[PDB]
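To start, the structure under review is shown below, and the notes come after it.
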Amino acid sequence: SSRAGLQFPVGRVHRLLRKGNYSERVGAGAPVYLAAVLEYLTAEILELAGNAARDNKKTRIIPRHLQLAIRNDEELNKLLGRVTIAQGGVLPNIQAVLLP
Amino acid sequence: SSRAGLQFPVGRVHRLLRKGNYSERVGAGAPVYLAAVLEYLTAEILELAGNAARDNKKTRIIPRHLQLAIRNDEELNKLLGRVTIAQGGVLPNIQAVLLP
Amino acid sequence: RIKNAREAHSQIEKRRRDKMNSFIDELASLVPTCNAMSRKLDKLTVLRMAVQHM
Amino acid sequence: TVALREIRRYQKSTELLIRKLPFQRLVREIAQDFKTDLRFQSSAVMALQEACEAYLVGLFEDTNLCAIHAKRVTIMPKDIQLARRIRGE
Amino acid sequence: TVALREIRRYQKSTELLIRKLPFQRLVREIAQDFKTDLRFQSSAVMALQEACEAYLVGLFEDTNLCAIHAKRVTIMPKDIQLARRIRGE
Amino acid sequence: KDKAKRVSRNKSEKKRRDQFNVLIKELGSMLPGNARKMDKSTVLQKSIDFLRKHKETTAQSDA
Amino acid sequence: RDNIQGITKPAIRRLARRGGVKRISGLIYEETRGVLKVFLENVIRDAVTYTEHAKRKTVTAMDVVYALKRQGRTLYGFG
Amino acid sequence: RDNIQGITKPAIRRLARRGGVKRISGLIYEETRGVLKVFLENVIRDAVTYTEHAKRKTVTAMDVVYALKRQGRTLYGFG
Amino acid sequence: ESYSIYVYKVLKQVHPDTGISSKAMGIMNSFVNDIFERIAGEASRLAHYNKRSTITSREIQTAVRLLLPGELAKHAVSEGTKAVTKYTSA
Amino acid sequence: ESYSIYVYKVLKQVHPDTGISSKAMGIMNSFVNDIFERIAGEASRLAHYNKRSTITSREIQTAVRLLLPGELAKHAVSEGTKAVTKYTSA
DNA sequence: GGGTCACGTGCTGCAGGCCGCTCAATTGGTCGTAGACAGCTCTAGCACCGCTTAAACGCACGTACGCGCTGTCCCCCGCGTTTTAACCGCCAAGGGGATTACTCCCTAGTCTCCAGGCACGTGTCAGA
DNA sequence: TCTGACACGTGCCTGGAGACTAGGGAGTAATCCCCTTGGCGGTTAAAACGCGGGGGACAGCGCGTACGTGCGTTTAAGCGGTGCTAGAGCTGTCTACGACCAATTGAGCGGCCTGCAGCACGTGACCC
């Protein structure tokens, strides 16, 4: 991780790639490549979730913020389309035809 | 296969289980149990498909007969609910409201 | 006899604190910024938020 | 008038709209049909509650759209059935 | 009357209802967008065509049902859009 | 001898009390209908009533 | 028995409102209960099967998660 | 270019009839062509990606089968 | 490798007076591979969930119950159980 | 085991003044686990399809491209590529 | 003696520092396979040409369906009142799960041998 | 009588079957702790029940267009035939990396203790 410049671990990633019968062999680059990917995706979600917290004057992230951050982003929403989030809530969507 | 009273190969099933990255180890009885299940399911389709061929005055089974056998049988239809069959065709379903 | 006067005094002092504490919680509820807080605010913070809000 | 207010209110909040106690009993009522004398973790029940409401809400949304397509305001079982059939149920 | 006989005939038969050369050109027309100078197996292309026709047949069935729910016989894009939306498309 | 250290802690407790006292004076002086000699409980009580009144008035102007 | 009635008509109305429903026919309540019953049966049956396979008597959240996961539904926060 | 137009109105009629459609509005042909083009584009992109990963120039049936399979659509008869 | 020999033999034992077309056989071969993967996949997951390194008939039997519908599962499970019983007895 | 340490460090890097709830953290851990399974599964399948016994950055890259949508796929690949080049160089 | 304010004490929680233990990262060495590279051959796919038939395209006419408009009745919605359950708080007991330790068996790996399976070719039968 | 499929006959190799050995994993047993389950009492909110009015849904009627259907004319697709190459497939050879095994070191985490800050309580001083 230190040489890779990552916050996320590599050694455990390597362990997890060779474990679970994914392959007979794993290359040195694979654990590293993946660790970078996992960190990247994590950072993007945290950035959006933090914004959702700020919009509501919060300094702390909660499941509601995570839900809002994801559903407002079509790439994440598709990626996590089949995912249910505890206490995430729902978006305040009302059909125009129902309005007076 | 002879010992088990099965038509299906036991050795092939064992080899596939042994070398398919399903687990480190496979029990000796597992291939036998599975071969029997595969044979049974195969027989269910063949029995129905043979009937479908007979109903069309045919002495040979074609993809259409498989399609007819599968979609009329609820358990098979659910099992293959998302399966596309080459040259299977479609069932002759027409809505009553469309009729004169 | 007169020992009760000191006991009464400590009870009066607590009653004063309880009255102030009850008012502090009520005061906090009237400041919109307090709605963003999950934990109960400290006495000093509530008073500060009230003046900042006004 | 009230219905729109209620929609906004319930969509805004995150808590369950179902009652927990009858839900817990219902889980056992159903589970007992598969196996008797079962024991359950409360976290398992809570997980079910979240899934159940999310499931029904999605169906309600589709049901509402079906009624709208037919240029209707009220929802009926026929609208639910169309959505369910299209969704493979 | 004509439509019903046509429906029965096409449901009875198993052949492809799309001409192959137009289909082959369409596949290459698309594939070139991803990478140029590609080569294709004929069986691969036919596999695509069978899947495509099966897809459209499913679309048409649901579209027709939506029109029926709306008490109409003629299918419109509006009906397709509802069916597609319900199925998550 | 270490009892002397408690004095610094006593000062810290005093500092907290003094911050409260300073805010009481500011809180009371920031209200309309200002009056002298209000005790800490009264300042808070009048602050509560003011904010309820302020909220009521701005709410009264709408709906 | 009869715990499904424990979810009352007002509860159904609240759920429908969350789903954006403005107007509700009187036949919805029975239809909704039937739908939920099926959903619960499917998830519970799988969760119980997982519990039985493990030779356990206590059902855990993970049995529910596995039951949902194989049904194309994952749930974050519960494990 | 423009081979989507190669799917003629009669081709649409035949397909719609296979799907049990009795009557067709004039806007269906264009809507159907738009949808089909998008559907096919997604399938091909996956098949081409498989071909590219293997560093091949020729797309094979298995590239298509894998593409369809990963999309949820299992195909029998082509492997 | 293929299953055409075994599929044909089973058909003859069920319907002696009929055969299988080339296209139909390709479909049956695709079917067998699909079913194998489904069961083996679930059996693998069961072994994973319970932290076991060995797949036995128990994982497969459970996988069969999870995958197949009630009536079909009962018959499929019975055949698997009998095959093992007969096999170990012979 | 958990990623809470790493998630928090990243959160601090992005949002130095923002904390995170335990429930939100549990959700983030489930997210990471989900992504791992998706990529590791696809990388294995790619190796299987191409008759390979090993996993390299190529299998991971292709799995990332297949799994992620347009923008995420491009950026995730870039991050993986640099990390390997940088780690390999160091 | 009562009430408020100011000052000091006692107890609890959070943050920082220290101690102990573990894992990962780092370092070093050996061996084999898989992957990469090189060379050679053949097939399938791609490209090109010609002819015929069926389908597609274009044009014309009429009908049914869809759309728009109007009227009536019933159900649902909203509010108020009454009754019950849900929810909250507190207390107690037992079982299952969790944790630790020990023993036995099976599969995998290694080694050996044969027939059936798989592929190819020929002849006859059934269907065309 | 011919074409395709099925049955019969022949040949070769691989995989399966059988046999043997060892270690690790699985299975079994015993002990301990926590959570779940079960029970009781009280308070509040929700649910249930009843009444009245309006809007929505349904039914009926009328009109026009687009679509459907048929006929004639024109074009492309499909079928058959011909020619050539690149890529794919197969075989053989060589190297580096990873795997496996062993040995060290550093940093971080967890737990415990100390220091600082905060909350609540008690006493003294000031005012009436």
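No value in this document is a laboratory result; all are computed from the given coordinates. Positions of Cβ are generated from backbone atoms using ideal geometry, with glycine treated the same way; all protein chains shown enter the neighbour counts.
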(Q) Checking the conditions here, which among I:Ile60, I:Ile27, I:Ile35 is of a type in the set (A, V, I, L, M, F, W, C) and touching a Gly at 6+ places or on another chain (Cβ under 6 Å)? (A) I:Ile27
Q) Looking at the stretch G:6-29, which of its residues are in contact with a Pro (Cβ under 8 Å, 6 or more places away or on another chain) and within 12 Å of DNA strand L (Cβ to nearest atom)? A) G:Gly6, G:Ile7, G:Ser25, G:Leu27
Q: Can you confirm whether the stretch J:8-15 contains a residue that is within 16 Å of DNA strand K (Cβ to nearest atom), under 27 Å from C:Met37 (Cα atoms), over 12 Å from the mean Cα position of the chain (by Cα) and charged (D, E, K, R)?
A: yes
Q. Just one of J:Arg52, J:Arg58 is more than 7 Å from chain A (Cβ to nearest Cβ), buried (at least 18 other Cβ atoms within 10 Å of the Cβ), within 16 Å of A:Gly27 (Cα to Cα) and within 16 Å of DNA strand L (Cβ to nearest atom); which is it?
A. J:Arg58
Q: Hey, could you check the stretch D:35-53 for residues that are touching a strand residue (DSSP E or B) at 6+ places or on another chain (Cβ under 6 Å) and of a type outside the set (A, V, I, L, M) and say which is surrounded by the most Cβ atoms within 10 Å (Cβ to Cβ)?
A: D:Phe40
**Q.** Count of residues meeting criterion [without any contact (Cβ under 8 Å) to a residue 12 or more places away in the chain, within 24 Å of E:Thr14 (Cβ to Cβ) and in a helix (DSSP H, G or I)] in the stretch I:3-33
**A.** 9
Q | Sole exception among (1) more than 10 Å from DNA strand L (Cβ to nearest atom); (2) more than 7 Å from chain H (Cβ to nearest Cβ) for E:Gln24, by number | A | (1)
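Rundown of residues vs (1) in contact with a strand residue (DSSP E or B) (Cβ under 8 Å, 6 or more places away or on another chain); (2) surrounded by fewer than 21 Cβ atoms within 10 Å (Cβ to Cβ); (3) over 24 Å from E:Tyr55 (Cβ atoms), yes/no style:
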{"site": "B:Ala49", "(1), (2), (3)": "yes, no, yes"}
{"site": "B:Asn56", "(1), (2), (3)": "no, yes, yes"}
{"site": "B:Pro63", "(1), (2), (3)": "yes, no, no"}
{"site": "B:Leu66", "(1), (2), (3)": "yes, no, no"}
{"site": "B:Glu74", "(1), (2), (3)": "no, yes, no"}
{"site": "B:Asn77", "(1), (2), (3)": "no, yes, no"}
{"site": "B:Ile85", "(1), (2), (3)": "yes, no, no"}
Q: Give the stretch E:10-28 a look and list any residue that's touching a helix residue (DSSP H, G or I) at 6+ places or on another chain (Cβ under 8 Å) and not aliphatic (A, V, I, L, M), or say none.
A: E:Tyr10, E:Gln11, E:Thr14, E:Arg19, E:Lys20, E:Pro22, E:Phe23, E:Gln24, E:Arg25
Q. If you scan the stretch D:54-71, which residues turn out to be within 14 Å of DNA strand L (Cβ to nearest atom) and surrounded by 16 or more Cβ atoms within 10 Å (Cβ to Cβ)?
A. D:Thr63, D:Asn64, D:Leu65, D:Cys66, D:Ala67, D:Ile68, D:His69, D:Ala70
Q. For the stretch H:8-45, what are the residues that are surrounded by 20 or more Cβ atoms within 10 Å (Cβ to Cβ) and within 22 Å of J:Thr62 (Cα to Cα)?
A. H:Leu40, H:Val43, H:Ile44
Q) Any idea how many residues of the stretch G:68-79 are out of contact with any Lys or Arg (no Cβ under 8 Å at 6 or more places or on another chain) and under 19 Å from B:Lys78 (Cα atoms)? A) 4
(Q) Can you confirm whether J:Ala63 is more than 7 Å from chain A (Cβ to nearest Cβ) and surrounded by fewer than 20 Cβ atoms within 10 Å (Cβ to Cβ)? (A) no
**Q.** Number of positions in the stretch D:64-76 that are within 11 Å of DNA strand K (Cβ to nearest atom) and either in contact (Cβ under 8 Å) with a residue 60 or more places away in the chain or within 9 Å of chain G (Cβ to nearest Cβ) (or both)
**A.** 4
Q.
For the stretch A:22-50: of the residues being within 12 Å of DNA strand K (Cβ to nearest atom) and assigned to a loop (DSSP other than H, G, I, E, B), which is farthest from J:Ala47 (Cα to Cα)?
A. A:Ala28
Q. In the stretch G:36-70, which residues are facing another protein chain (nearest Cβ under 7 Å) and closer than 30 Å to D:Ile68 by Cα?
A. G:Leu36, G:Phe39, G:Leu40
Q | Scan of the stretch F:33-45 for residues that are at the interface with another protein chain (Cβ under 10 Å from one of its Cβ atoms) and either outside any helix (DSSP H, G or I) or of a type outside the set (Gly, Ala, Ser) (or both), ordered by number | A | F:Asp39, F:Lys40, F:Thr42, F:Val43, F:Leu44, F:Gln45
